[PDB]
Amino acid sequence: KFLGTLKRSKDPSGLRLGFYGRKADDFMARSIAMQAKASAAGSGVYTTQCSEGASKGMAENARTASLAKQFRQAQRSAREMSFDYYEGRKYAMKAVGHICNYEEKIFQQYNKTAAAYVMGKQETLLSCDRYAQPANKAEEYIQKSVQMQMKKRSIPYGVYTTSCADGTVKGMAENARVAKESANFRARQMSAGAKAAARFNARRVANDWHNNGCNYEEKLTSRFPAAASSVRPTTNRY
Amino acid sequence: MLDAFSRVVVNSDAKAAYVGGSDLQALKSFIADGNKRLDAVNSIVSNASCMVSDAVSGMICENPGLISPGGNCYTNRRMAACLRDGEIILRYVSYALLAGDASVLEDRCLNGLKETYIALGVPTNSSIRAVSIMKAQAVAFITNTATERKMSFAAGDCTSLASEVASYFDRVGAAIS
Amino acid sequence: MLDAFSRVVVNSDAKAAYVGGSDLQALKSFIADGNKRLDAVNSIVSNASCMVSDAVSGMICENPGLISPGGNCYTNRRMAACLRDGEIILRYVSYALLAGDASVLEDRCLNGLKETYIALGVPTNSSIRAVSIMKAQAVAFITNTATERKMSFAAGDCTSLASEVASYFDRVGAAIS
Amino acid sequence: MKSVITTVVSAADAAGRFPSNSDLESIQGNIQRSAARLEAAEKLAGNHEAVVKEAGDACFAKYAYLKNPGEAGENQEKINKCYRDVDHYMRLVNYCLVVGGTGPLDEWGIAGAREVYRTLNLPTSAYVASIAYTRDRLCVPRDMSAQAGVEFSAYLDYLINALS
Amino acid sequence: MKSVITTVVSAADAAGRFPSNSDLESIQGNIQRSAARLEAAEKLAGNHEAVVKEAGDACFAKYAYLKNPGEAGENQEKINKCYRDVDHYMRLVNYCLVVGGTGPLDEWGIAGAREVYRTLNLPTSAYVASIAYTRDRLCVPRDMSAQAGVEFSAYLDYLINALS
Amino acid sequence: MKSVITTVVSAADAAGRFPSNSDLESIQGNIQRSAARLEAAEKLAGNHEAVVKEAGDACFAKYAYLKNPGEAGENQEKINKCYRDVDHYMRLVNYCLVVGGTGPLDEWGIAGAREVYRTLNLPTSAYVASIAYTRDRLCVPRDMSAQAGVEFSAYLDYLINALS
Amino acid sequence: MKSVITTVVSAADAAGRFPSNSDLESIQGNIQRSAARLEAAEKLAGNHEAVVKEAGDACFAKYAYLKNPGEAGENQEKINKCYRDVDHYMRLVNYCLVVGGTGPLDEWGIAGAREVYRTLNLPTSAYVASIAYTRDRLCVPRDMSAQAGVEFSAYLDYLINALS
Ligand SMILES: C=CC1=C(C)[C@@H](Cc2[nH]c(/C=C3N=C(/C=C4/NC(=O)[C@H](C)[C@H]4CC)C(C)=C/3CCC(=O)O)c(CCC(=O)O)c2C)NC1=O
Ligand SMILES: C=CC1=C(C)[C@@H](Cc2[nH]c(/C=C3N=C(/C=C4/NC(=O)[C@H](C)[C@H]4CC)C(C)=C/3CCC(=O)O)c(CCC(=O)O)c2C)NC1=O
Ligand SMILES: C=CC1=C(C)[C@@H](Cc2[nH]c(/C=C3N=C(/C=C4/NC(=O)[C@H](C)[C@H]4CC)C(C)=C/3CCC(=O)O)c(CCC(=O)O)c2C)NC1=O
Ligand SMILES: C=CC1=C(C)[C@@H](Cc2[nH]c(/C=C3N=C(/C=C4\NC(=O)[C@H](C)[C@H]4CC)C(C)=C\3CCC(=O)O)c(CCC(=O)O)c2C)NC1=O
Ligand SMILES: C=CC1=C(C)[C@@H](Cc2[nH]c(/C=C3N=C(/C=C4\NC(=O)[C@H](C)[C@H]4CC)C(C)=C\3CCC(=O)O)c(CCC(=O)O)c2C)NC1=O
Ligand SMILES: C=CC1=C(C)[C@@H](Cc2[nH]c(/C=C3N=C(/C=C4\NC(=O)[C@H](C)[C@H]4CC)C(C)=C\3CCC(=O)O)c(CCC(=O)O)c2C)NC1=O
Ligand SMILES: C=CC1=C(C)[C@@H](Cc2[nH]c(/C=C3N=C(/C=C4\NC(=O)[C@H](C)[C@H]4CC)C(C)=C\3CCC(=O)O)c(CCC(=O)O)c2C)NC1=O
Ligand SMILES: C=CC1=C(C)[C@@H](Cc2[nH]c(/C=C3N=C(/C=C4\NC(=O)[C@H](C)[C@H]4CC)C(C)=C\3CCC(=O)O)c(CCC(=O)O)c2C)NC1=O
Ligand SMILES: C=CC1=C(C)[C@@H](Cc2[nH]c(/C=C3N=C(/C=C4\NC(=O)[C@H](C)[C@H]4CC)C(C)=C\3CCC(=O)O)c(CCC(=O)O)c2C)NC1=O
Ligand SMILES: C=CC1=C(C)[C@@H](Cc2[nH]c(/C=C3N=C(/C=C4\NC(=O)[C@H](C)[C@H]4CC)C(C)=C\3CCC(=O)O)c(CCC(=O)O)c2C)NC1=O
Ligand SMILES: C=CC1=C(C)[C@@H](Cc2[nH]c(/C=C3N=C(/C=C4\NC(=O)[C@H](C)[C@H]4CC)C(C)=C\3CCC(=O)O)c(CCC(=O)O)c2C)NC1=O
Ligand SMILES: C=CC1=C(C)[C@@H](Cc2[nH]c(/C=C3N=C(/C=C4\NC(=O)[C@H](C)[C@H]4CC)C(C)=C\3CCC(=O)O)c(CCC(=O)O)c2C)NC1=O
Ligand SMILES: C=CC1=C(C)[C@@H](Cc2[nH]c(/C=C3N=C(/C=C4\NC(=O)[C@H](C)[C@H]4CC)C(C)=C\3CCC(=O)O)c(CCC(=O)O)c2C)NC1=O
Ligand SMILES: CCC1=C(C)[C@@H](CC2=N/C(=C\c3[nH]c(C[C@@H]4NC(=O)C(C)=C4CC)c(C)c3CCC(=O)O)C(CCC(=O)O)=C2C)NC1=O
């Protein structure tokens, strides 16, 4: 007959830009993360901002936190699998400062590379959550209030999302609470100048690619850097 | 960050100086003492859950004020948060003896440690009492004056390590106070 | 990751084999050739700026098709990634020479690496030429058959590491082929 | 895995860095005391059927409550699985005398042990105390060499320490 | 800083984890070859005024163009600062024989060396080649022990490698 | 805390949202069965000294090994603390019949129970089985009402479930 | 979606946790007042053609400016689409009496309503006031039961509240 060559369409709900392209895509973003693990350990320290555990060992239990994040980002539905492909492409334009013929010409075809750049480059500066310490009660309160809208982003309505689930078993339920409280202490523990460099670094993500055009939201960073540091506009649904 | 090898190079750094043939004969004790230092550190890390369970029980031996409800340390997650804090002095005082210097102890826990405890309501008198239990059991483990635990050793002195470990738990006792 | 001390246990864990002295003596040769094994790896890390300037200059000596514009490897940023990719393969075999095992090469470099190069457009034939210069100078560096550079050594046969490093570089070459 | 190979060839990759002489030094301590470490391995390979039976009812002397129905030791079919359970701990501690560190213990038989046992109503207090029976059960100049027991005994109280 | 203490007590904090026996193993390689590492330190402490002068005009033999006005070596006031500059490299390499790794090199004298020199019109090609003069300038069974030069020589070609 | 107030006024704040009629509906189920829930509370308030003593040596019948020295029950001073320990579990389960959910259990007496007991060499297997003695120890049309035991018994097997 | 199932089975997954009795309690309030909630649903199913026509020109009495060309109601083809528009609001409010919360409202007919209407030059002030006509348009002991109007009327003023 027509040698069944009969081919209809199908929903992959993914990148679908080649099997060879798909297995290429996780290798260089592993190399992008291992590039960026080598700027964290530029000087050969596993530096104290990266924490991935508690007091009790439990990083095999936080393996099951991160492999749940390995799994829950894999079982994303077709809207949020496809929205995160395009918002990460324009955020990779925001992640690199310069404008190239090369860097975005990986970062708009490939999305794990864009995702491991908005995670990788931004973690080896100190504009993340729980790392910049506020000075007074006034800074931490608006630091708390901008986190509430990041709850409101990832919890858009009455359903709690699948993606802030941070746990599966009873052991990792309260392990996730005591993991951050040791890491919250290790912000104000580690140094005096790198945390002083954090408050200048906190304007280096918010002023230039998050609130362009709003002077009020620009001096909110320069008056409150630690409040403008957990604003987390990289929409990773967390 | 910096072992007892390298206390004598950062002060020679400040004079544009180098480590000439007069300062490192205590270092030539310190490299000839490589296996007596090694024979103390198996004796601490073998019984590490003895020492955190001997300290917090001896702290609740002397003080039934924390076991009262509404105290600092009486309930379940709370006493679980003690065995977090009970080992972490023993965790870095190992490396104070492994490196030979408490500079690995001075930045990694002792920065901001006292002011968090008043921010968490932790009474520092029970903290300085429980670390004196941890000193008294560690000097009986590096030596041969334990109750029942009798590890195999080669004879000689290690009172030079007993003075090194006594200058360590006082340094954490001055920084949590 | 995995090495020669751990290679002999994963075939024994797969059979629940309680390890006794029938396969220890192959590791006891690895025990006795500890200092011979480290004797080759310090002649290869001491000229690693020479080899990354010897190979891709020797690769552009044999084939000038890449420096032609519109070819693969011609311009200034483009040559920075040539020394970037070329140095990192020397870092991984120097890990693999030490383990007695190319397992640490096999997972951090040798997964998917081949068709990332043709999802870029790297000619794979020029990378076989660059790795063969890096195979040929490194076997001349672990012995005393270099042109000018003779380090001081203790004499005797060391072909048993030359068969080891030649069984490593073709494993790089068959991975990118 | 977990050895000195897992320290220094991984940290040089974590620094993006050569195997410098910090990494070449760390494996020299394997060589001078592998002879200290590997006459301990054939002891519990020679006693791989001898000390499994002497540890089970030494545990079941001080845990003799199990034989009622509705518990962890209600029949001999549990006890036929129970000598499998101590031996499967005993397999891995033999392998950690070979790899140097506690390599086969943590990724196979330690991590997530506190998500299994009392969920299967197996008492964890009998698990450490069967091991703590065998922890002091040594005699260093008589069974093995004096350089062999300090790797053995430091792994057995670690098994109580890793369950903590 | 940069040592094996900066590897394993930081990675156990980066895992949020105990100092397990992976971390306790990594410092044993310090102990068996600190005697190998620390007779090299008093050589260049004994020659801290001897080999600074022999490296400057060995560099200025093969870089003899500097003495014109408008360049990096236009007067003796530059050369009085120039023997300070090689010695300040030479101070740190002595300290890296003590801490084990390249601890005082990277955070003090290596990082951002490629933002300074030709901006101050100082030639970087003379900087590595003054060091590469001293890199091969050794004799392993005659100056020091044979276990001492392989820490020394691996740090000096690293100084050309870290400027790359 | 943990109740239906902790669900819907927190989720409306987590949505940044009004107390809509999804939130107003969820507390109506408190009202129709608080009378079902709060004649169970004065039973174990009326038996707050009666069933602590009957659960201790029912546990110590099936855990009679404790009375040796070197264990968790070596003297009466342990047993004077041991009737404190079951009653401190028994205080909180009484309070969870009042708040609706398991409010005073998880943030006070459940979380991190698996970091304490065998570290203090206290057996966790006796802790669930002292509670599992009291779990089936009920009689629903005779002690309390039939609408009162299903809140009581679902909290006691939860105490074995939360230790899992 | 949005119901009490979207609260407690999602929060137990957000805690990584069992369906404990906080989650089992929250759905009991569905059961005792679903009979209160679901005689309201067949009223506006019985009046699904009756009250769409009485709300359009009650809105177009107080918004009578629309009939000029160049606006939102320039012909009957707009008004043929306009009774579709109030009924499509009216479909969803019927479904929220079934799911309990405002489930079909927010993810289908509420979110991003403030990105559509005046961009299509449709007046939002007429949209809430057509609904606010029907908000007070009730009579609780006469049309439905007294237990049925308080779910109905709380959803209609919510439609003005959700457009705010
Ligand atoms: C890897 C672990 C391992 C073991 C522990 C043994 C287990 C074991 N140890 C002993 C050997 C023993 N030898 C002694 C003698 C001693 N003399 C002294 O001066 C000391 C106080 C004491 C050292 C314990 C004692 C007390 C026992 C245990 C009791 C017994 O004989 O069974 C015996 C009896 C047969 C024999 O003597 O070998 C057995 C089966 N086998 C193993 O494979
Ligand atoms: C830390 C670095 C450091 C150095 C390099 C020396 C620098 C130096 N090395 C030599 C010592 C030397 N010894 C030799 C002899 C040798 N015989 C052989 O079989 C080999 C081929 C060769 C080993 C290089 C040579 C060729 C020199 C350099 C030339 C000279 O004598 O000045 C001398 C002359 C005085 C002496 O012999 O000690 C000096 C100042 N000092 C230092 O502090
Ligand atoms: C779901 C929404 C919904 C509605 C609102 C009605 C709409 C509606 N309500 C009424 C029924 C009505 N019944 C009354 C009588 C009343 N007597 C009193 O004591 C009160 C003051 C007042 C309650 C409003 C009035 C004032 C009207 C509206 C005017 C009218 O009769 O049309 C009627 C006339 C026929 C009838 O009586 O049923 C209609 C079409 N149908 C629907 O499906
Ligand atoms: C493994 C995958 C991989 C990539 C896709 C690229 C992408 C990339 N470039 C840089 C690093 C850089 N990227 C640029 C960017 C540019 N330079 C220009 O002149 C252009 C205008 C613009 C696009 C080419 C610059 C100037 C740096 C160095 C300073 C910096 O880190 O920003 C970094 C940070 C770490 C590093 O230095 O490598 C990364 C991940 N590099 C990689 O290693
Ligand atoms: C305290 C820290 C802080 C900031 C750094 C900014 C940044 C910022 N803006 C918005 C949210 C917003 N931000 C703006 C701001 C602007 N839109 C424009 O057209 C102008 C160019 C610009 C400044 C006037 C507007 C209009 C919204 C609401 C719409 C939206 O969600 O984007 C949000 C989400 C929730 C929120 O409102 O907080 C954040 C984090 N706002 C803050 O509260
Ligand atoms: C009232 C309740 C009460 C307790 C719970 C214990 C707890 C306890 N132990 C020690 C003191 C000690 N505790 C230990 C530890 C141990 N000893 C061993 O035999 C084991 C091997 C290991 C536990 C695993 C050591 C080695 C000492 C030092 C003196 C000694 O050897 O007993 C001290 C004194 C601390 C000090 O002097 O500063 C106290 C209070 N004693 C009490 O009075
Ligand atoms: C030409 C092809 C070729 C092969 C097929 C192997 C064949 C082979 N394998 C092993 C020997 C071995 N091979 C492995 C490896 C493995 N065991 C497993 O369980 C896995 C299936 C597999 C990859 C993980 C191990 C662990 C040993 C040593 C212990 C054993 O025999 O199990 C040996 C003994 C000597 C040696 O170690 O090399 C030989 C000849 N080698 C080759 O050159
Ligand atoms: C026309 C272009 C052209 C070049 C750029 C060079 C590059 C070059 N070098 C070697 C071959 C080599 N290259 C070196 C490396 C070095 N030798 C030294 O004296 C230094 C110590 C060190 C550089 C720092 C070594 C040791 C060999 C092996 C043979 C030899 O000793 O020369 C080869 C042969 C590789 C092979 O056999 O596969 C080539 C092409 N030769 C060329 O024909
Ligand atoms: C960590 C740093 C470090 C080093 C750099 C080496 C350095 C080194 N190589 C050899 C010693 C040796 N090395 C080799 C191997 C070689 N010899 C050659 O001439 C070839 C260049 C090369 C072939 C690969 C041989 C054959 C011996 C002789 C073994 C002996 O002397 O007993 C020895 C003598 C010890 C011995 O092996 O018995 C030492 C210290 N060892 C170390 O620990
Ligand atoms: C290779 C890694 C490995 C281990 C570390 C152990 C640990 C372990 N034991 C059991 C499972 C078991 N373990 C025991 C053993 C005991 N129960 C007691 O209370 C006594 C103290 C002890 C006997 C001396 C019993 C009786 C079961 C069966 C439980 C059941 O099926 O109800 C299981 C569940 C799967 C299985 O049945 O194997 C696991 C993972 N077993 C392993 O395979
Ligand atoms: C502690 C870390 C440390 C270093 C690694 C060096 C590196 C270094 N050198 C210079 C600065 C200099 N370094 C040199 C040296 C030379 N110029 C040459 O071309 C010759 C190759 C060489 C002499 C042998 C000179 C001449 C200056 C002065 C430049 C000037 O002032 O114009 C400076 C600028 C600040 C200063 O003047 O010190 C620095 C950071 N100096 C340090 O303090
Ligand atoms: C308010 C919350 C609360 C609880 C849930 C319990 C739980 C609990 N029990 C103990 C502590 C204890 N619990 C027990 C009880 C027993 N040991 C056994 O093996 C028997 C099964 C049982 C007696 C029937 C004993 C004997 C101690 C003392 C242990 C010791 O000091 O060595 C501790 C340590 C602090 C303390 O001494 O109180 C805690 C948190 N106690 C509380 O305060
Ligand atoms: C299922 C969800 C759903 C809704 C909530 C409504 C809301 C809604 N209405 C319109 C679209 C419209 N809605 C109206 C209705 C009116 N204009 C007025 O000013 C009056 C107040 C009112 C009539 C009573 C009209 C006239 C249009 C057509 C606008 C146009 O095409 O220009 C559109 C654009 C797509 C479309 O044409 O349907 C949408 C989303 N329609 C829906 O499908
Ligand atoms: C993919 C999910 C996943 C993991 C992660 C591991 C979980 C895990 N992380 C570890 C340990 C761990 N976690 C970090 C932190 C972080 N990670 C880095 O590679 C660098 C450079 C970091 C600093 C920011 C470091 C540095 C280590 C130490 C060992 C290492 O990864 O090199 C260890 C062992 C150390 C110990 O024995 O206590 C484990 C088991 N398993 C998993 O399933």
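Of all chain B residues, the closest to the B-onto-C rotation axis by Cβ, with that distance in whole Å, is B:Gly34, 9.
Of the residues B:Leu38, B:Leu24, B:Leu66, the one that moves most in a GNM of chain B with alpha-carbon contacts below 10 Å is B:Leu24. Cα centroids of segment A:1-71 and segment A:108-172: 18 Å apart. A Förster radius of 22 Å, combined with the Cβ-Cβ distance separating A:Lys90 from G:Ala113, puts the computed FRET efficiency at roughly 0.30. Across segment C:108-127, the residues whose backbone nitrogen lies under 19 Å from the label position 7 Å along the beta-carbon direction of C:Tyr74 are C:120-127. Separation of the alpha carbons by more than 32 angstrom is noted, of A:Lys121/E:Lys78; A:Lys37/A:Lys151; C:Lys15/C:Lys135; A:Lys37/A:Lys144; G:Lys43/G:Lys78; D:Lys62/F:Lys53, for A:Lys121/E:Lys78; C:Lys15/C:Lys135.
Site pair D:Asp143 and A:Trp209 shows an inter-label distance of 6.1 nm when each label is modelled 7 Å from Cα along Cα→Cβ. With contacts taken as Cα pairs under 8 Å and at least 6 residues apart, chain A reaches a relative contact order of 27 percent. About the centre of its Cα atoms, the protein assembly as shown shows a dipole size close to 1960 debye [charges on the beta carbon of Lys, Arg (+1) and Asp, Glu (-1) only; nearest 20 debye]. Relative to the longest principal axis of the Cα atoms of chain D, the long axis of helix D:53-62 makes an angle of roughly 60 degrees. Annotation note: trypsin sites (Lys or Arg not before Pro) in segment C:122-177 located in DSSP loop regions with a Cβ neighbour count of at most 13 within 10 Å are C:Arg149, C:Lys150.
Taking every alpha-carbon pair under 8 Å whose residues sit at least 6 apart, chain D reaches a relative contact order of 30 percent. Mean-square fluctuations from a GNM of chain B, with a 10 angstrom spring cutoff on Cα atoms, peak among B:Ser57, B:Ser94, B:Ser29 at B:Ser29. Computed from the Cβ-Cβ distance with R0 of 35 Å, the FRET efficiency linking E:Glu77 to B:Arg7 stands at 0.45. The long axis of helix E:124-136 is offset from the longest Cα principal axis of chain E by roughly 60 degrees. Once C-alpha pairs closer than 8 Å and six or more residues apart are averaged by separation and normalised to the residue number of chain C, the relative contact order reads 30 percent.
Other residues within the sphere of radius under 12 Å centred on the Cβ of G:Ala15, judged by their own Cβ, net out at -1 (K and R +1, D and E -1).
Restriction of the chymotrypsin sites (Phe, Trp or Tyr not before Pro) in segment C:1-53 to DSSP coil positions whose beta-carbon has at most 15 other beta-carbons within 10 angstrom yields C:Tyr18. Restricting to DSSP H runs of at least four residues, report the calculated mean residue ellipticity at 222 nm for chain C, -39500 (n - 2.57) per run over all residues, nearest 500 deg cm²/dmol. So the calculated ellipticity at 222 nm is -20500 deg cm²/dmol. The residue in chain E that lies nearest, by its beta carbon, to the axis linking chain E with chain G is given here with the distance in whole angstrom as E:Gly16, 9. Note on B:9-15: average number of Cβ atoms from other chains within 10 Å of each residue's Cβ is 4.
What separates the E:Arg84 label point from its copies, with the point 7 Å along Cα to Cβ, is 7.0, 7.7, 8.5 nm, written shortest first. So if I take the centroid of the Cα atoms in segment A:197-234 and the same for segment F:49-111, what is the distance between those two points in Å? Cα centroid to Cα centroid, the span is 53 Å. Each stretch of four or more DSSP H residues adds -39500 (n - 2.57); spread over every residue of chain E, this sum gives -15500 deg cm²/dmol at 222 nm.
If you take each beta carbon of peptide F:31-39 and count the beta carbons of other chains within 10 angstrom, what is the mean?
For peptide F:31-39, the averaged partner shielding equals 1.
Distances between copies of D:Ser145, taken at a point 7 Å out from Cα along the Cα→Cβ vector and listed shortest first: 2.3, 7.8, 8.8 nm. Peptides D:29-36, D:99-106, E:139-146 ranked from most to least packed give D:99-106, D:29-36, E:139-146, packing being the mean of other C-beta atoms within 10 angstrom over each peptide's residues.
Across the copies of the chain, C:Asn35 has label points (7 Å from Cα along Cα→Cβ) spaced 1.6 nm apart, shortest distance listed first.
For segment G:1-59, applying the loop criterion from DSSP together with a ceiling of 15 other beta carbons within 10 Å to the GluC sites (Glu not before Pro) yields G:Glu39, G:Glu49. For chain A, the longest principal axis of the alpha carbon atoms and the long axis of helix A:112-123 meet at an angle near 10°.
Counting only other chain Cβ atoms within 10 Å of each residue's Cβ, the peptide C:105-118 averages 3.
Note: ideal-geometry Cβ built from the backbone for every residue, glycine included; neighbour counts use all protein chains shown. No value in this document is a laboratory result; all are computed from the given coordinates.
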